[PDB]
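A.B. asks: Sharing a structure with you now.
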Amino acid sequence: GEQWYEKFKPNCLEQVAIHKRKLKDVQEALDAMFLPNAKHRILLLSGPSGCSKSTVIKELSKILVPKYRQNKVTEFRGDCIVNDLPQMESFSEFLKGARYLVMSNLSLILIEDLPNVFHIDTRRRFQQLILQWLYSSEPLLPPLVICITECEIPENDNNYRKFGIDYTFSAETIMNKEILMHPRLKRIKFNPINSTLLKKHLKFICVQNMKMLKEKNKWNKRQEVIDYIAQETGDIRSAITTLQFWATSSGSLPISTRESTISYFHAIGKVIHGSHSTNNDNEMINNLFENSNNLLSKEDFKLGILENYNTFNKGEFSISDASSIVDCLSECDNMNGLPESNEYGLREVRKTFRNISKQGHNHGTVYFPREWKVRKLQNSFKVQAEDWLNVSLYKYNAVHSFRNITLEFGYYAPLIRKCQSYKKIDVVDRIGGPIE
Amino acid sequence: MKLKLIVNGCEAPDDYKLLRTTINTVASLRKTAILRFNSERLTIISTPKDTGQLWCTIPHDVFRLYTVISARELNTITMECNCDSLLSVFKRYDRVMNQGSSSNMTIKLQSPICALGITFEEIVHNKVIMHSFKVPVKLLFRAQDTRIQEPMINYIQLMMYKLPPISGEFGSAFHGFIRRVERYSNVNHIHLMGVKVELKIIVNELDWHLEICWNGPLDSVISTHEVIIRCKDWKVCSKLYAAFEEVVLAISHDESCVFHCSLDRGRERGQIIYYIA
Amino acid sequence: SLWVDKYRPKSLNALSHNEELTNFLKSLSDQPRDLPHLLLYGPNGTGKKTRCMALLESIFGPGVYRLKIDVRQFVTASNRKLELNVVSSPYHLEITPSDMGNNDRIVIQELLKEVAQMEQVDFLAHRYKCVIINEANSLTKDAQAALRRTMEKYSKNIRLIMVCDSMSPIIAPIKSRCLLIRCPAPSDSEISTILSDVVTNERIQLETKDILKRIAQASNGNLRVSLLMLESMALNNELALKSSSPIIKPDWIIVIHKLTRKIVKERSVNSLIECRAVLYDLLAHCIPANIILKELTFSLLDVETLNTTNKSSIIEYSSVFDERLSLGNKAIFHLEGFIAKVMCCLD
Amino acid sequence: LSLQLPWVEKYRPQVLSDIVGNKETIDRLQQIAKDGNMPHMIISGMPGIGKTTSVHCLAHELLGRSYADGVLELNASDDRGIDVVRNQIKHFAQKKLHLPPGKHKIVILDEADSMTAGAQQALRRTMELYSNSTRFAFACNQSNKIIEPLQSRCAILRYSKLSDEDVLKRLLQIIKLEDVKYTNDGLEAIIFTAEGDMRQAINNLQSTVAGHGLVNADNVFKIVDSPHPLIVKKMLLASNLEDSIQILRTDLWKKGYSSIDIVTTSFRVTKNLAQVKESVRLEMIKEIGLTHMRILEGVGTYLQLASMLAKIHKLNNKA
Amino acid sequence: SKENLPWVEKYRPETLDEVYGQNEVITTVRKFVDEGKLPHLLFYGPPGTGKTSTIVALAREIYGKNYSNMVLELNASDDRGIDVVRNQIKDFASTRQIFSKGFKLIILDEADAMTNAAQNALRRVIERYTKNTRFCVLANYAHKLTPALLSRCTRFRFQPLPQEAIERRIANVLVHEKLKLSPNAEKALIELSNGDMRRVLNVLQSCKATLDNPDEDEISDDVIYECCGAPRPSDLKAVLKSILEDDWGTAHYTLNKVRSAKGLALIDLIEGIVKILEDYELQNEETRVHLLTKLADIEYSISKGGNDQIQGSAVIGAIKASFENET
DNA sequence: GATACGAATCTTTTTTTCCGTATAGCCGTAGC
DNA sequence: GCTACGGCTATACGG
DNA sequence: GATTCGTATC
Ligand SMILES: Nc1ncnc2c1ncn2[C@@H]1O[C@H](COP(=O)(O)OP(=O)(O)OP(O)(O)=S)[C@@H](O)[C@H]1O
Ligand SMILES: Nc1ncnc2c1ncn2[C@@H]1O[C@H](COP(=O)(O)OP(=O)(O)OP(O)(O)=S)[C@@H](O)[C@H]1O
Ligand SMILES: Nc1ncnc2c1ncn2[C@@H]1O[C@H](COP(=O)(O)OP(=O)(O)OP(O)(O)=S)[C@@H](O)[C@H]1O
Ligand SMILES: Nc1ncnc2c1ncn2[C@@H]1O[C@H](COP(=O)(O)OP(=O)(O)O)[C@@H](O)[C@H]1O
Ligand SMILES: [Mg+2]
Ligand SMILES: [Mg+2]
Ligand SMILES: [Mg+2]
């Protein structure tokens with residue numbers, strides 16, 4: 001009378017569906033942070049849902065905490081409304097009370113259910129408190145493990161001012177660059193469960209439910225079910241749920257599992273090189289648009305197509321095809337973000353790369369668009385030109401426009417100030433650097 | 001650059017309360033204030049550079065000690081100080097003298113960013129408690145000092161009105177007149193009027209029109225004069241008039257408004273001018 | 001100091017380029033009461049701003065060249081707390097709202113609606129304050145729609161003298177309410193005469209006066225560019241213009257020329273990626289994409305190894321992709337499309 | 001007036017045996033209702049195929065007389081914020097109502113696709129801690145609008161479009177309980193205009209019997225029109241231009257369909273159009289989008305639609 | 001005070017018997033009312049077809065003098081967000097009926113302007129309170145409505161008004177205003193109407209204002225064409241004859257003379273010549289394609305401004321270069 | 001010993017409504 | 001018995 | 001989805 005993913009949970013560490021290398025790395029990290037003076041203070045675990053990110057920690061605790069504890073885990077509970085406690089200080093109070101968990105009361109603090117990081121005011125408090133923990137002057141602190149599930153936030157708001165947290169729920173949209181790149185933060189990213197451990201740990205459940213599966217004559221079509229489930233999903237919880245829903249059934253209901261969200265580089269590779277399952281490009285494009293519209297209907301995707309279409313043959317394809325790709329991508333930019341623009345700019349590229357698709361082609365490695373660096377260099381140029389205009393109007397009396405600066409006074413004036421002043425405080429080098 | 005002054009609130013109540021009148025106004029207007037310590041006179045300035053400007057003149061005889069030397073012209077050094085800290089210190093001294101005391105303020109310029117050593121004493125009841133404070137300030141440059149000048153006001157054939165003193169029979173009536181418009185929450189513009197003597201507070205909007213009037217006697221020492229002003233400036237005018245007996249109101253036709261306040265210390269008279277655009 | 005801003009004429013009689021444009025500006029300044037709204041259009045570097053300053057000097061007297069700079073704060077709907085510097089002076093005001101960005105509406109609806117409702121009654125002539133809008137062609141078509149009625153209704157107390165080049169992206173209502181003043185660029189003779197004035201004033205020793213002619217033809221009717229070139233050449237040659245003095249050119253011009261040479265020589269996908277890298281490098285320096293496309297086209301049309309068919313294809317693709325960029329958001333797509341089309345047509 | 005309910009509400013099934021369609025799913029729901037152990041489920045599909053009346057009937061049968069204090073139905077008309085998830089759902093889960101063995105409390109979160117992200121992330125903990133007493137039944141039209149961690153703990157039940165025989169059976173049941181005169185062609189026309197939507201079949205049948213009484217092809221097609229996607233498909237799959245312009249004008253312009261509606265339906269039809277080369281399909285998408293931009297800018301005229309059809313035929317004949 | 005109203009609002013049908021054109025919808029909603037069951041209705045059609053009049057007349061017939069307290073009319077002029085959907089519509093549907101013993105009516109006009117968040121929250125409001133409240137949705141663009149809201153409401157299509165209905169309303173307007181309309185002017189009004197009665201009334205009012213004596217003179221075709229500024233049916237064929245039969249020197253002169261005799265606009269001539277050429281028997285299948293794809297581009301360029309003479313010559317060029325295919 | 005499999009890498013800064021906090025107004029109670 | 005002030009609370013604002 | 005490196009296993 002219970003769900004099979006709760007009645008067949010691992011009791012030891014050897015029944016956890018995790019890769020051996022991943023388990024070993026997590027073991028080494030966790031054993032490192034339990035030492036008196038640990039280099040790492042917070043262990044961040046990223047990955048998709050059901051990758052045993054919390055099924056390995058809650059069984060490593062039972063073997064590691066009662067080894068360094070002088071004589072389990074302390075999960076943070078978001079739904080705890082204390083009287084006289086505003087809903088932004090709950091995590092602060094939890095951290096303040098969790099810093100006393102040291103020897104003679106040692107416990108590893110696990111943060112799986114993060115605070116309401118979808119609100120702009122408490123996400124900042126979350127980041128600030130984590131930074132305070134990472135920069136804490138306390139010589140002795142308990143180990144901290146944060147498990148963040150990488151899931152795509154569905155489109156619900158109606159605004160083009162959507163931030164990172166309104167597109168993807170990942171460790172980058174919750175933690176700033178300083179926390180992620182902090183020297184005392186070890187990040188062990190996880191991967192979906194492969195088709196081998198999923199095929200073994202489900203046959204375990206089947207041979208435990210031997211009686212029920214034999215009574216309903218569900219023992220000759222067993223492997224055809226475990227193999228299909230493992231080939232469809234990389235989830236340890238949804239696979240067990242589907243197995244229970246199929247074994248408890250008494251008919252021919254077609255089994256189903258949760259759908260996976262195609263990533264950014266995954267979708268770029270699907271558009272450029274094509275999918276290995278469907279040979280019909282129309283069906284693939286329609287399913288990509290109906291399953292990953294939050295990613296296709298953006299600008300970074302159309303920029304990545306332009307930045308990665310040269311990796312089909314490592315640049316060894318006809319220029320007449322490259323022109324047919326870029327002219328369509330440019331015609332799509334004038335459609336003002338209409339839904340008929342992305343569906344054309346993703347179909348023309350796929351058709352172009354399909355018409356030249358032959359075996360023996362050694363493809364290249366895709367990369368993220370470089371427009372984010374161009375914008376930062378542009379902002380640096382803006383600041384330098386503002387400084388040039390400021391110094392040219394208080395040490396002198398002359399008003400000049402920004403366009404004139406970028407065209408003539410961003411190069412000629414640095415040379416003049418290098419010869420008139422330096423040769424025989426100020427600006428002497430080219431604005432925003434040379435043209436290299 | 002050596003600056004040192006001594007203030008005694010109990011010794012002289014008028015010049016001291018005008019100092020309270022200047023500090024409260026520069027606190028209510030905006031953060032930070034400009035203090036130019038001329039060798040013969042002080043001037044406390046709050047320049048937002050549409051928003052109004054206050055120019056209060058403080059003489060040198062108000063304080064017991066006014067030793068001021070600097071390398072600039074006429075021993076002028078100009079401070080930029082956060083008004084919250086000095087307002088808190090000043091309120092602390094107000095409570096010090098309210099509990100019963102007669103101690104003086106020793107304010108010294110102790111070190112471009114500097115600070116003022118505002119130290120005083122308090123006695124509870126025959127105990128010695130020393131209150132030491134340090135308000136961080138910045139040194140304004142002489143070139144930066146000359147960029148700040150008092151706004152000019154002319155009346156070729158305009159109209160200044162003598163507001164009745166608040167100590168008289170009509171003073172409370174006129175104070176109620178000025179504060180009547182402040183009761184409404186949804187007011188942002190007031191249209192002052194000048195007839196030669198009646199002045200009216202008119203607030204006309206899309207669907208409602210205030211038209212408050214003063215039927216009491218008025219004086220104009222020795223034509224229409226209307227101006228559109230903000231409500232916050234009217235609140236500042238109310239606060240300035242509440243602490244002044246001699247208040248001078250001059251209205252320009254669609255150019256500006258000036259709230260002139262003066263205290264007759266006679267001796268140089270301390271004056272507060274609120275330029276309003 | 002910069003020789004551009006040290007020999008700038010400060011009066012209508014000190015402006016020696018076009019005698020016909022000075023005689024028309026003097027006619028405009030004869031009766032300043034009925035001065036209409038003016039739109040000065042012409043090639044860059046002609047001196048339209050200098051002539052506007054001279055007209056303001058002839059109207060309001062001297063004192064229009066003492067500029068005080070104050071920064072005004074504007075708040076959008078999202079409370080972004082935007083910023084804009086407002087160069088001003090007695091009798092006139094100068095604004096380049098296009099710098100604010102796409103929020104230029106929030107400044108032409110505040111500054112141009114607050115100084116047009118002041119009436120400038122000082123102590124009785126109300127007069128008018130002249131507002132110069134630099135780069136009038138960069139407005140986002142919403143700043144102009146909120147400006148047409150603004151300058152039509154309040155024309156009594158304000159006058160607008162907008163300075164722009166290539167007044168195509170200016171809407172028809174704005175051009176209808178504004179008197180259009182064309183400012184032709186000087187010929188090489190006038191530029192050479194001006195450069196002669198500078199060199200005798202600065203006492204630099206030139207030889208073979210033909211050098212000033214060379215600077216005039218290299219500047220392409222740009223007095224600012226010609227003066228900057230002259231100053232750079234004199235400083236690099238130690239105030240001695242030798243007959244073999246190198247005519248220095250902007251670095252981005254040389255890089256665009258190298259890009260054209262790469263396009264002509266190498267026509268492949270990898271060469272296209274290198275061209276994208278060069279284009280991104282140029283874009284990182286706040287160089288407008290329209291100007292980059294124009295320079296690329298007119299440098300590819302100067303190649304002597306290309307026939308008439310290739311040049312016609314290049315100019316057709318240039319027009320098509322320029323129109324595409326004018327109605328687009330990301331210019332890298334259009335620039336890559338133009339380069340790829342040129343590469344495909346050349347081979 | 002009268003208290004006579006519309007037949008959509010008058011003939012809403014109150015038992016799981018009256019819900020037609022998806023037999024393999026309804027039978028499993030009945031098996032759950034008899035056994036008792038109800039897993040967390042997400043029921044998704046097209047509108048009007050019986051996703052709400054299935055969950056409600058399952059909860060009713062599973063809880064018996066404890067339905068009033070054993071279910072918590074939270075729809076989009078209620079404030080399904082994070083505070084409600086943290087307080088009301090938490091207190092309903094913490095309730096200790098005693099039930100027959102195998103039975104569980106059911107939280108029917110209908111229209112869960114409109115729920116915010118933080119509410120779903122709190123629901124994660126809500127179903128994690130309190131899973132032995134209460135069960136969550138999400139009902140949506142799109143499964144991807146529920147976050148992946150929430151979909152992991154649930155069992156996905158994908159309802160499909162109803163066929164032409166299940167809808168016919170339910171319509172015959174209604175016509176037998178309402179003494180409605182009918183003809184076979186009229187019922188077939190009702191099925192054709194329903195497009196696998198039982199609600200839009202009941203509504204059309206009620207409108208036809210109210211307006212004319214007898215359910216024939218004429219009385220049906222004179223009150224409810226043929227589906228406009230199937231006319232747009234006929235217009236976009238013609239051979240000549242003079243035969244596509246006729247179907248455009250006389251069947252979409254003089255009938256009252258807006259040009260923007262025609263273009264929006266044309267894009268959807270082109271996306272699902274079969275037996276068409278992919279280059280032709282993408283060119284048709286581009287030409288439809290170019291006309292969509294013009295219509296959105298203001299020029300929503302019949303001449304623009306004619307030009308779009310002409311360009312589609314141009315790309316069809318050679319390009 | 002009703003005589004100081006515009007003719008569009010002065011002649012608004014107060015009862016269901018004054019709504020012309022739509023017959024299969026009126027004769028269905030009347031049977032719905034008489035039977036006693038009114039389902040959730042959706043009214044769809046072009047502007048000026050009579051949807052907002054039909055629903056108000058229907059509710060007036062249903063409730064009589066209790067229209068004010070039993071009808072919640074919400075339109076695009078109100079902030080019909082999700083908060084309003086949950087805080088006004090929900091408690092209007094939840095509360096019991098006020099003495100009428102029947103159902104309440106919630107009329108959501110211009111529902112295509114409602115957000116998807118406010119439309120996905122009205123679905124269960126409609127479904128739950130069907131017994132004591134009903135919903136009518138009026139829209140002209142059905143692509144902005146969510147599919148579930150489109151499925152919960154019975155759909156009634158308001159066709160463009162036929163010629164007979166427009167002429168019968170024109171007769172009533174002429175009777176009330178004591179006006180006279182020529183037989184050749186009624187056809188012109190119907191043709192320019194494009195199935196809109198608001199255009200009928202707005203043109204007839206200006207025609208009455210144009211007449212010097214509105215009690216003796218008659219509104220001829222000249223009066224209509226001068227008031228609405230449309231080309232005459234002869235000026236639309238003379239220009240086409242010049243373009244398709246004359247040279248490039250006299251066709252331009254004829255076009256510029258037609259556009260200057262009465263100040264006709266280029267777009268009106270384009271849209272008239274398009275209708276004239278649509279009846280042609282062009283036997284190339286490419287002449288029609290070229291004509292459509294070029295005249296649509298000229299029409300799109302006209303809407304954004306530009307040189308008028310250049311576009312006028314472009315029309316002549318596009319019509320001339322296309323028939324070269326046919327020949 | 002061949003091969004299937006698996007991990008790592010390929011990355012980033014107009015509008016509407018909602019969730020939590022700031023703040024002024026009003027009422028209850030101590031004390032002068 | 002009356003008033004000032006602290007605590008509670010409803011409401012507009014901000015990201 | 002592509003390449004490259006590294007295992008485990010049959
Ligand atoms: N062999 C197994 N290995 C791992 N998990 C198992 C196994 N058998 C059952 N489970 C259950 O599967 C679930 C996996 O949960 P976890 O992956 O640890 O949590 P998670 O990674 O945070 O997933 P989310 O993001 O919270 S949905 C737990 O409820 C386990 O009890
Ligand atoms: N399979 C079915 N058997 C019988 N009636 C059905 C069936 N499907 C729908 N209906 C009718 O549809 C109406 C109820 O529709 P619902 O089941 O609430 O819709 P739904 O499928 O949940 O779609 P949404 O998500 O609410 S738009 C009643 O009139 C039912 O009789
Ligand atoms: N069938 C009709 N019979 C008589 N007058 C009509 C008819 N249809 C429209 N009208 C007139 O046109 C006016 C406007 O029509 P409405 O019904 O108010 O608006 P509408 O037809 O619903 O168009 P939209 O979609 O609201 S813009 C009415 O007030 C009538 O005067
Ligand atoms: N008549 C003239 N005589 C000398 N120099 C001139 C003259 N007209 C313009 N200039 C030069 O042009 C420069 C300014 O050009 P600018 O006003 O920026 O041109 P534009 O208005 O076309 O951008 C000045 O430095 C000035 O030296
Ligand atoms: Mg977990
Ligand atoms: Mg439902
Ligand atoms: Mg209407």
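Each chain in the structure tokens gets a letter, A, B, ..., in the order shown, and its residues are numbered from 1; ligands are numbered from 1 in order too.
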For stretch 284-291 of chain D, work out the shell of residues within 6 Å, counting only C-alpha atoms (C1' of nucleotides) and skipping chain neighbours fewer than 2 positions away, then give it as a PyMOL selection string.
C.D. replies: (chain A and resi 340) or (chain D and resi 281-282+293-294+312)
A.B. asks: Could the residues in this selection be written to a file with C-alpha atoms, as a PDB file, in the first residue's frame?
C.D. replies:
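Saved to out17.pdb:
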```
ATOM      1  CA  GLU A 340       6.866  32.085 -38.297  1.00  0.00           C
TER       2      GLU A 340
ATOM      3  CA  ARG D 281       6.896  23.974 -46.513  1.00  0.00           C
ATOM      4  CA  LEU D 282       9.574  26.347 -45.192  1.00  0.00           C
ATOM      5  CA  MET D 293       3.874  41.043 -40.358  1.00  0.00           C
ATOM      6  CA  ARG D 294       2.017  43.250 -42.858  1.00  0.00           C
ATOM      7  CA  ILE D 312       2.544  30.142 -52.298  1.00  0.00           C
TER       8      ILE D 312
END
```
A.B. asks: When you look at residue F:24 with a cut-off of 12 Å (counting only C-alpha atoms (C1' of nucleotides)), what residues show up, excluding the ones that are within fewer than 6 positions of it in the same chain? I need them as a CSV table (one decimal) with N, CA, C and O atoms (P, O5', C5', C4', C3', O3' and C1' of nucleotides), in the first residue's frame.
C.D. replies:
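Result file follows (around.csv):
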```
chain,number,residue,atom,x,y,z
G,9,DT,P,-2.8,42.6,14.2
G,9,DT,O5',-3.4,43.5,13.0
G,9,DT,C5',-4.3,44.6,13.3
G,9,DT,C4',-4.4,45.5,12.1
G,9,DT,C3',-4.2,44.8,10.7
G,9,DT,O3',-5.2,45.3,9.8
G,9,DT,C1',-2.7,46.6,10.9
G,10,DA,P,-5.8,44.3,8.7
G,10,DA,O5',-6.2,45.3,7.5
G,10,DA,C5',-6.9,46.5,7.8
G,10,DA,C4',-6.5,47.6,6.8
G,10,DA,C3',-6.5,47.3,5.3
G,10,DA,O3',-7.0,48.4,4.6
G,10,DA,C1',-4.3,47.9,6.0
G,11,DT,P,-7.3,48.2,3.0
G,11,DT,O5',-6.1,48.9,2.3
G,11,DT,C5',-5.8,50.2,2.7
G,11,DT,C4',-4.5,50.7,2.0
G,11,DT,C3',-4.3,50.3,0.6
G,11,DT,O3',-3.9,51.3,-0.2
G,11,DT,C1',-2.4,49.6,1.8
G,12,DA,P,-4.3,51.4,-1.8
G,12,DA,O5',-2.9,52.1,-2.4
G,12,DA,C5',-2.4,53.3,-1.9
G,12,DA,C4',-0.9,53.2,-2.0
G,12,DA,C3',-0.3,53.0,-3.4
G,12,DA,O3',0.8,53.8,-3.6
G,12,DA,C1',0.5,51.3,-1.9
```
A.B. asks: DSSP says strand (DSSP E or B) for which residues of stretch 2-245 of chain D? Put them as a PyMOL selection string?
C.D. replies: chain D and resi 41-44+71+105-110+134-140+155-158+182+215
A.B. asks: Go ahead and dump the residues you just picked, N, CA and C atoms, as a CSV table (one decimal), in the first residue's frame.
C.D. replies:
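Produced file out_17.csv, reproduced below:
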```csv
chain,number,residue,atom,x,y,z
D,41,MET,N,-0.8,11.3,-10.1
D,41,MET,CA,-1.1,11.2,-11.6
D,41,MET,C,-1.2,12.6,-12.2
D,42,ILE,N,-0.8,12.7,-13.4
D,42,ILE,CA,-0.9,13.9,-14.2
D,42,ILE,C,-1.7,13.5,-15.5
D,43,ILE,N,-2.9,14.0,-15.6
D,43,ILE,CA,-3.8,13.8,-16.7
D,43,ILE,C,-3.8,14.9,-17.7
D,44,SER,N,-3.3,14.7,-18.9
D,44,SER,CA,-3.2,15.8,-19.9
D,44,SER,C,-3.8,15.3,-21.2
D,71,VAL,N,-11.2,15.7,-0.1
D,71,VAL,CA,-10.7,16.3,-1.3
D,71,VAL,C,-10.4,17.8,-1.1
D,105,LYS,N,-6.4,10.8,0.8
D,105,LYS,CA,-6.9,12.1,0.4
D,105,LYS,C,-6.4,12.5,-0.9
D,106,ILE,N,-7.2,13.2,-1.7
D,106,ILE,CA,-6.9,13.6,-3.1
D,106,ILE,C,-6.9,15.2,-3.2
D,107,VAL,N,-5.8,15.7,-3.6
D,107,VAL,CA,-5.7,17.2,-3.9
D,107,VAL,C,-5.8,17.3,-5.4
D,108,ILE,N,-7.0,17.7,-5.9
D,108,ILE,CA,-7.3,17.9,-7.3
D,108,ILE,C,-6.9,19.3,-7.7
D,109,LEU,N,-5.6,19.4,-8.2
D,109,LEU,CA,-5.1,20.7,-8.7
D,109,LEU,C,-5.4,20.8,-10.1
D,110,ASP,N,-6.6,21.1,-10.5
D,110,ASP,CA,-7.0,21.3,-11.9
D,110,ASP,C,-6.4,22.5,-12.4
D,134,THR,N,-2.1,11.9,1.7
D,134,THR,CA,-2.7,12.6,0.6
D,134,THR,C,-2.0,12.3,-0.7
D,135,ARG,N,-2.8,12.4,-1.8
D,135,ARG,CA,-2.3,12.2,-3.2
D,135,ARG,C,-2.7,13.3,-4.1
D,136,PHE,N,-1.8,13.6,-5.0
D,136,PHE,CA,-2.0,14.8,-5.9
D,136,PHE,C,-2.4,14.4,-7.3
D,137,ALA,N,-3.5,14.9,-7.8
D,137,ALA,CA,-4.0,14.6,-9.1
D,137,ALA,C,-4.0,15.9,-10.0
D,138,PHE,N,-2.9,16.1,-10.7
D,138,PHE,CA,-2.8,17.2,-11.6
D,138,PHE,C,-3.6,17.0,-12.9
D,139,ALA,N,-4.3,18.0,-13.3
D,139,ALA,CA,-5.1,18.0,-14.6
D,139,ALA,C,-4.6,19.2,-15.4
D,140,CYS,N,-4.1,19.0,-16.6
D,140,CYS,CA,-3.6,20.0,-17.4
D,140,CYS,C,-3.9,19.8,-18.9
D,155,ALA,N,2.6,9.9,-12.1
D,155,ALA,CA,2.4,8.9,-13.2
D,155,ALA,C,1.6,9.6,-14.3
D,156,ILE,N,2.2,9.7,-15.5
D,156,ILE,CA,1.7,10.5,-16.6
D,156,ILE,C,0.6,9.7,-17.3
D,157,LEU,N,-0.6,10.2,-17.4
D,157,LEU,CA,-1.8,9.6,-18.0
D,157,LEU,C,-2.2,10.5,-19.2
D,158,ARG,N,-1.8,10.1,-20.4
D,158,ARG,CA,-2.1,11.0,-21.6
D,158,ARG,C,-3.4,10.6,-22.2
D,182,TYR,N,-33.7,12.9,-35.1
D,182,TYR,CA,-32.4,13.0,-35.7
D,182,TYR,C,-32.4,12.2,-37.0
D,215,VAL,N,-32.4,17.0,-36.5
D,215,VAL,CA,-30.9,17.0,-36.7
D,215,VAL,C,-30.6,16.4,-38.0
```
A.B. asks: Could the residues of chain C within 9 Å of chain A, counting only C-alpha atoms, be given as a PyMOL selection string, please?
C.D. replies: chain C and resi 1-2+5+66-67+69+87+96+99+134-135+224-225+228-229+231-232+235-236+249-252+255+267-270+272-273+280-288+321+324-325+327-341+343-344
A.B. asks: Give the residues close to ligand 6, within 9 Å, counting only C-alpha atoms (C1' of nucleotides) and all ligand atoms; write them as a PyMOL selection string.
C.D. replies: (chain D and resi 47-48+50-53+110-111+139) or (chain E and resi 123-124+127-128+148+152)
A.B. asks: At a cut-off of 8 Å, which residues of chain A touch chain H? Count only C-alpha atoms (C1' of nucleotides) and give the answer as number ranges by chain.
C.D. replies: A: 265-270, 273-275, 363-365
A.B. asks: Could those residues be written to a file, using N, CA and C atoms, as a CSV table (one decimal), in the first residue's frame?
C.D. replies:
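Generated file (result_4.csv):
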```
chain,number,residue,atom,x,y,z
A,265,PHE,N,22.7,23.5,-26.3
A,265,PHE,CA,23.7,22.9,-27.3
A,265,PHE,C,23.1,21.6,-27.9
A,266,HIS,N,22.3,20.9,-27.1
A,266,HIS,CA,21.6,19.7,-27.7
A,266,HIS,C,20.6,20.1,-28.8
A,267,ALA,N,19.9,21.2,-28.6
A,267,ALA,CA,18.9,21.7,-29.7
A,267,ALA,C,19.7,22.2,-30.9
A,268,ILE,N,20.8,22.9,-30.6
A,268,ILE,CA,21.7,23.4,-31.7
A,268,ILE,C,22.2,22.2,-32.5
A,269,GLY,N,22.7,21.2,-31.9
A,269,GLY,CA,23.1,20.0,-32.6
A,269,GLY,C,22.0,19.3,-33.3
A,270,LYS,N,20.8,19.3,-32.7
A,270,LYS,CA,19.7,18.7,-33.4
A,270,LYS,C,19.3,19.5,-34.7
A,273,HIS,N,22.9,19.0,-37.2
A,273,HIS,CA,23.3,17.6,-37.6
A,273,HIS,C,22.1,16.7,-37.8
A,274,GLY,N,20.9,17.0,-37.1
A,274,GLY,CA,19.8,16.1,-37.2
A,274,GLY,C,19.7,15.1,-36.1
A,275,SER,N,18.5,14.6,-35.8
A,275,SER,CA,18.3,13.6,-34.8
A,275,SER,C,18.5,12.2,-35.3
A,363,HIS,N,32.7,16.2,-38.0
A,363,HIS,CA,32.1,17.5,-37.5
A,363,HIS,C,33.0,18.2,-36.5
A,364,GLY,N,32.7,19.4,-36.2
A,364,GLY,CA,33.4,20.2,-35.2
A,364,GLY,C,32.6,20.3,-33.9
A,365,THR,N,33.2,21.1,-33.0
A,365,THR,CA,32.7,21.3,-31.6
A,365,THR,C,32.0,22.6,-31.6
```
A.B. asks: Grab me every residue within 7 Å of ligand 2, counting only C-alpha atoms (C1' of nucleotides) and all ligand atoms, and send it over as a list in words.
C.D. replies: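 Final answer, ordered by chain and number: residues 7, 8, 9, 11, 12, 13, 18, 19, 20, 21, 46, 47, 48, 49, 50, 51, 52, 53, 54, 140, 141, 170, 197, 198, 199 and 202 of chain D; 148 and 151 of chain E.
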A.B. asks: Using only C-alpha atoms (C1' of nucleotides), find which residues of chain G lie within 12 Å of chain C and jot them down as a list in words.
C.D. replies: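 The answer, sorted by residue number, is residues 13, 14 and 15 of chain G.
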